[PDB]
Each structure stands twice: as C-alpha cells, then as structure tokens.
Ligand SMILES: [Zn+2]
Ligand SMILES: [Zn+2]
Ligand SMILES: [Zn+2]
Ligand SMILES: [Zn+2]
C-alpha cells in the first residue's frame, strides 16, 4: 500500500489522507479537511483534485477536463488524477503509478 498518512493528524493512531486541496497546496484527510474547510459552500472558495459533487453515477472527472477522465493516481496527494494533469506539469514531479505494457 502506497498511501500517505495524514501528516496533520493527531488521533493516535492517525488517519490517512484521501483528499487534497489545491488552494491549500497540501494533502489532508476528510477529518482535518472538515475543520480546515468550514461550512460555507458552494466549496468554501477552495478547489480540490477531483472532488465528490452531488453528481454520482460511476466514476469521477477532473476539475476542468471533461475530454480526459482520471486514469492515474498521485501519492503525494493520495488522490486520483488524469494523465493530462501529469503531462501539463501539475503532477510531473509527483510520484504516480500508471499501467505498464
Ligand atoms: Zn487528518
Ligand atoms: Zn483548502
Ligand atoms: Zn499530485
Ligand atoms: Zn485533470
């Protein structure tokens, strides 16, 4: 398992980061994410990497990439991303894992 634990967790044992805020430039778990991002909506003026909006059917799409769906995974963020994100550079130096021939 290559999942990063919530570095900003003080539960003992601590939790694991499943989400990441881009505007914060840090990866945290849902718990912390709850405190850091207080109720306000529609999204507390904070963006993320492939969030979980009211829209739910099968999978999830990127922030602004409908033509390209998420088919990659980022470790530093512990979330799912799209190859187009890793190409542009948003996740170039990021340690991800993709399929292999
Ligand atoms: Zn946490
Ligand atoms: Zn944030
Ligand atoms: Zn990343
Ligand atoms: Zn993307």
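Numbers run from 1 along the shown chain.
Header lists the method as solution NMR.
Cβ coordinates come from backbone N, Cα and C, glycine included.
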Per Swiss-Prot, which of 91, 94 sits in the Zn(2+) 3 site along with 62, 65, 85?
91
Filter the candidate list 6, 21, 24, 29, 46, 91 of binding-site residues, keeping only entries whose CB is under 6 Å from an atom of ligand 2.
21, 24, 46
Give me the Cα-Cα distance between residue 6 (Zn(2+) 1 binding site) and residue 37 (Zn(2+) 2 binding site), rounded to a whole Å.
16
Near ligand 1, which of the binding-site residues 9, 21, 62 have CB less than 6 Å from any of its atoms?
9
Other residues near the Zn(2+) 2 site, CB within 8 A of the CB centroid of 21, 24, 37, 46?
22, 23, 33, 36, 44, 47, 48
